[PDB]
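This document starts with one chain, in the form deposited in one PDB entry, laid out as structure tokens.
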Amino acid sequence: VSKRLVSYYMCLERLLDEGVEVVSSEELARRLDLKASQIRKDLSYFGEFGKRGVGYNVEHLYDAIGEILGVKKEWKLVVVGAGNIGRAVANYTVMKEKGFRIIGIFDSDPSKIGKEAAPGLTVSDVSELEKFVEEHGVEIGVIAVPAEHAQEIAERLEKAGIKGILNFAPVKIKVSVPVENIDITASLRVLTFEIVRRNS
């Protein structure tokens, strides 16, 4: 699955950066916090091409999963909201190195429009969001606006032809395009549930 494929990809990529050639299912099981039977079952999708002896060829799986995930493609991004989240994301320098290029950032606050959210990036007026998205063919919109305005902002991106939405606002966006939510509070909540379970 997508989340599981990405999890394998991040692990194997760190493994290649270290320089490791072969990784065992048990090392994968520990690194991914998964069962060794599931590690072998998931990776059996790549057949004997993904294995070297008892272990797994790190570069083969990394290249094969990178192909599935389409990691060679670059993506145009816009960030709606020049607040805490929007600026932190816009200033993540290596994001462009991973193939995700933020080319526009928008906000409805006159004090911040015209300011520099990041080197080479100027906050634009959210009134020009649809025009900017259609003109530049932006594929992914990053919603860093409040939860009340999130559905509206999402509708604006969808009407303007956005292909996907990365949503930081704590609300279930109702829209046709794929949405990936980063809910920091919910992630903290999920963590607490596991904390309560272990200390019960």
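Definition used throughout: the rigid core is the maximal C-alpha set that superposes within 1.5 Å between two forms. Residues that one form lacks are left out of the comparison. Position 1 is the first residue in the sequence shown; the rest follow in order.
This protein has a second form, the form deposited in another entry, left out of what is shown; the following refers to that one.
Among the residues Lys172, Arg40, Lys159, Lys131, the single one whose Cα moves by at least 2 Å between the shown form and the other one, once the core is superposed, is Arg40. Distance between the C-alpha atoms of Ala88 and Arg14: longer in the other form than here (change of 3 Å or more). Remark: 1 to 70 is the one run between the shown form and the other one in which three or more consecutive shared residues have Cα displacements of 2 Å or more on core superposition.
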